[PDB]
Amino acid sequence: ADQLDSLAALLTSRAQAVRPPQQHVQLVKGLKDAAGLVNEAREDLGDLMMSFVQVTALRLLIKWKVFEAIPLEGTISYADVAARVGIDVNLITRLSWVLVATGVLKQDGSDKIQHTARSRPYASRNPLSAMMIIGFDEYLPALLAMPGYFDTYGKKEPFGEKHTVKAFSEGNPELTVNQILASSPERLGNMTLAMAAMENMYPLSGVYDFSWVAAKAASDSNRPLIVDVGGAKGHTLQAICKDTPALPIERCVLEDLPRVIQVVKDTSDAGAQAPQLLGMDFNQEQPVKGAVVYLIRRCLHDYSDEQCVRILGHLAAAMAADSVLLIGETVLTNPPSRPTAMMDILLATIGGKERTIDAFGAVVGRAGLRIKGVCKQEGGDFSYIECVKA
Ligand SMILES: C[S@@+](CC[C@H](N)C(=O)[O-])C[C@H]1O[C@@H](n2cnc3c(N)ncnc32)[C@H](O)[C@@H]1O
């Protein structure tokens with residue numbers, strides 16, 4: 001009733017902008033919710049099946065260099081595309097038609113094809129096309145394998161390095177997800193490039209005031225400022241310190257697995273001044289004691305509650321009474337949004353989960369900590385949960 005009226009107004013409005021950053025996303029959500037309302041189950045399942053055929057056509061046409069063979073502007077015949085890529089024109093045509101019917105491609109006349117704004121990213125190698133490939137190659141098989149997986153392993157939340165849904169779907173339940181993706185650096189390459197999209201997002205500086213850390217940096221000129229626990233390449237630490245002279249990158253500690261820390265070293269320019277580099281295992285005792293801030297960003301969602309309590313317990317033991325622990329993770333609403341529920345199930349294929357603030361509270365308290373506050377990013381659920389010793 002009412003929601004149809006609301007969306008209908010957001011439809012009239014955006015029709016004259018054709019002739020507002022929140023305005024785009026209030027309309028994409030309303031269109032989805034309206035679609036769900038008008039739709040009955042039979043239309044739902046036809047829509048679902050169409051999504052699977054569409055991603056399959058996307059995957060094949062990328063793989064076969066068809067999007068490359070279509071000029072970014074102007075038209076080209078199906079015959080000319082098929083000769084360029086050396087493929088049966090009938091098969092090119094049937095798969096292209098899927099994307100024409102869904103608006104990803106545009107057909108001109110009876111025999112010519114052209115790119116749209118929605119298909120051009122697939123014409124080259126980049127984070128978006130890497131995400132498409134990874135979704136199809138690394139997540140869909142695991143999803144389709146979940147019915148058999150839960151009959152095989154029991155119908156409970158899956159956790160643990162071995163016997164992931166992913167490894168089960170690959171025929172190799174004994175191997176870890178790292179071993180699987182590392183045994184074909186072409187696969188690792190698409191995984192790495194795809195994660196480049198979301199490495200920029202949700203910057204910690206500007207969302208969290210570190211002035212209070214500056215005052216600590218002066219009042220104690222010796223103590224470690226910010227320890228980035230599992231910080232990968234240390235980009236979060238860099239952004240924090242970049243143009244803050246009172247927060248010196250040289251006073252911070254980047255921690256990760258020794259193989260990751262070694263790669264950080266081997267890819268730094270000579271005089272580039274960096275934080276301290278420390279290879280370690282955060283399932284073990286925290287080597288740096290009494291830092292002002294411990295940061296653990298996008299690590300806890302990979303693990304069970306019990307493993308998270310062990311990880312956080314090591315940080316709490318190493319923290320001082322005035323220390324702060326910052327957990328950077330999605331905080332699910334109850335119920336969660338569409339993209340975070342989707343990521344929650346994707347994480348289940350590799351032994352992880354997303355969590356509500358209640359689930360984080362249980363884990364944090366078990367580690368001898370307490371939640372002092374939460375800074376949530378605007379327009380999403382990614383947050384920094386500020387914790388202190390209990
Ligand atoms: C999802 S990445 C997060 C990287 C970074 N914090 C960020 O926000 O982008 C998880 C990181 O944890 C590291 N890691 C995994 N297991 C670890 C362990 N046992 N000890 C230390 N680091 C670990 C990985 O090497 C990886 O850099």
Side-chain angles (χ1 to χ4, degrees), residues 48-67 95 98 122 125-199 230 232 256-260 263 281-283 298-308 311 329-330 339-355:
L48 289 162
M49 289 300 321
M50 183 75 270
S51 290
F52 290 64
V53 170
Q54 181 183 328
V55 85
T56 304
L58 280 178
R59 180 63 182 98
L60 290 168
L61 271 50
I62 277 164
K63 188 198 207 307
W64 298 343
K65 314 280 169 190
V66 169
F67 290 126
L95 287 163
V98 167
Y122 302 129
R125 169 190 178 76
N126 57 76
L128 267 52
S129 61
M131 268 166 45
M132 201 289 319
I133 294 185
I134 285 316
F136 192 100
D137 295 4
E138 310 297 337
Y139 285 108
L140 307 189
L143 292 180
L144 286 312
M146 266 177 161
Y149 176 94
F150 288 117
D151 287 344
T152 300
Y153 287 94
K155 307 180 184 66
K156 70 187 212 283
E157 291 183 290
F159 300 110
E161 217 171 42
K162 289 153 92 171
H163 301 276
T164 58
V165 184
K166 170 113 185 264
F168 175 81
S169 77
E170 203 99 340
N172 297 277
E174 53 277 330
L175 302 166
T176 70
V177 172
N178 289 332
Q179 295 162 348
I180 292 184
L181 290 146
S183 211
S184 314
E186 158 265 323
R187 283 181 102 203
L188 184 42
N190 294 117
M191 205 52 240
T192 307
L193 171 61
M195 298 299 90
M198 288 107 102
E199 191 100 20
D256 213 291
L257 294 170
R259 75 158 154 290
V260 174
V263 169
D281 181 350
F282 56 51
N283 299 284
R298 293 170 54 192
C299 296
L300 296 183
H301 69 246
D302 279 339
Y303 308 119
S304 79
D305 279 15
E306 293 60 47
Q307 183 169 357
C308 286
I311 289 163
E329 299 286 2
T330 292
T340 61
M342 173 203 83
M343 191 60 62
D344 191 29
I345 301 314
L346 302 183
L347 287 185
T349 72
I350 50 84
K353 65 179 294 167
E354 304 284 26
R355 288 166 173 105

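The first residue in the sequence is number 1, and the count goes up from there.
Checked against side-chain hydrogen bond (donor to acceptor under 3.5 Å, both in side chains), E157 has the following partners two or more places apart in sequence or in another chain: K353.
Considering every non-hydrogen atom in both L95 and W64, the closest pair reads CD1-CZ3, 3.5 Å. Scanning all heavy atoms of the two residues, the minimum distance from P127 to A196 falls at CG-CB, 4.5 Å. Of all heavy-atom pairs spanning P158 and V165, the tightest one is CG-CG2, 4.3 Å.
At a threshold of 4.5 Å between non-hydrogen side-chain atoms, the residues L175 and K162 do not count as touching. The side-chain heavy atoms of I133 and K63, taken from C-beta on, include no pair separated by under 4.5 Å. Between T330 and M343 there is no side-chain heavy-atom pair separated by less than 4.5 Å. With a 4.5 Å cut-off on side-chain heavy atoms, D137 and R59 count as touching.
At least one donor-acceptor pair closer than 3.5 Å links the side chain of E329 to the backbone N or O of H301. Using modelled atom types, one side-chain atom of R355 and one backbone atom of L300 make a donor-acceptor pair closer than 3.5 Å.
How far CD1 of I350 is from NZ of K166: 9.0 Å, rounded to the nearest 0.5 Å. Distance check, rounded to the nearest 0.5 Å: CG of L257 to CZ of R259 gives 4.5 Å. With values rounded to the nearest 0.5 angstrom, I62 atom CD1 is found 10.5 Å from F136 atom CZ. Between atom OG1 of residue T340 and atom CE of residue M342 there is a gap of 9.0 Å, rounded to the nearest 0.5 Å. With values rounded to the nearest 0.5 angstrom, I345 atom CD1 is found 8.5 Å from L143 atom CG. Atom-to-atom distance recorded for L346:CG and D344:CG is 9.0 Å, nearest 0.5 angstrom.
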Can you check side chain to side chain contact (heavy atoms under 4.5 Å, CB included) on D302 and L347, steps first, answer last? CA-CA 7 Å; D302 279 339; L347 287 185; 4.3 Å; yes
Give the intermediate values and the outcome of side chain to side chain contact (heavy atoms under 4.5 Å, CB included) for residues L140 and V55. CA-CA 10 Å; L140 307 189; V55 85; 4.1 Å; yes
Scan the side chains in residues 183-192 for donor-acceptor partners under 3.5 Å anywhere in the protein, sequence neighbours excluded, and list what turns up.
from: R187; atom 1: NE; to: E138; atom 2: OE2; distance (Å): 2.8
from: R187; atom 1: NH1; to: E170; atom 2: OE2; distance (Å): 2.7
from: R187; atom 1: NH2; to: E138; atom 2: OE1; distance (Å): 2.5
from: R187; atom 1: NH2; to: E138; atom 2: OE2; distance (Å): 3.1
from: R187; atom 1: NH2; to: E170; atom 2: OE2; distance (Å): 3.2
from: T192; atom 1: OG1; to: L188; atom 2: O; distance (Å): 2.8

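By the 6.0 Å contact criterion, CE on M198 is open, its count of non-hydrogen atoms from other residues, nucleotides or ligands being 12 or less. Surrounding CZ of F150 are more than 12 heavy atoms belonging to other residues, nucleotides or ligands, all under 6.0 Å away. Applying the 6.0 Å contact sphere to CD of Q307 captures more than 12 heavy atoms from other residues, nucleotides or ligands.
Pairs passing the ring-ring contact (aromatic ring centres under 6.0 Å, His included) check and including a residue from residues 167-199, sequence neighbours excluded, read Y149-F168, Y153-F168.
Taking the six-membered ring where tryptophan is involved, the planes of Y303 and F282 are perpendicular, since the angle between them exceeds 60° and thus also 30°.
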